[PDB]
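Starting off, we have a lone chain in the form solved without the RNA, written out as structure tokens.
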């Protein structure tokens, strides 16, 4: 399989395929959970409190495309902070090669850095 710089892969909604994110905004939490840490991201998803029943994070609401209503994943919270956790199969990866839908995050044509909580406090004033 190929390999691109994350900067070169854009996120689209598997369904409506609107440009919704950047692969460069992806982070790994607890190794596995893939969040997006770009604040401007919330402009693309609605949240809905369908709580349901991950050791340092409590799940928030279910997350879905503002534009077609596709479910993308669910919120996750830790020490008062809320991040959108993305399901791989809900994303269309727009590589310079074209568009590929994956079924495991561990198989995306780029590398996703671990999430840095401390440094995420570049966002202290808010929340």
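Numbering follows the first chain given and starts at 1.
Keep in mind that the form deposited with the RNA bound is not shown, yet the notes after this line are about it.
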In this chain shown alone, the residue from 65, 88, 93, 37 with a heavy atom within 4.5 Å of the RNA in the deposited bound form is 88
Kindly indicate whether 32, 72 and 104 are, all three, within 4.5 angstroms of the RNA in the deposited bound form, using heavy atoms. yes
Taking the RNA as it sits in the deposited bound form, is residue 57 near enough to touch it, meaning that at least one heavy atom pair lies within 4.5 angstroms? yes
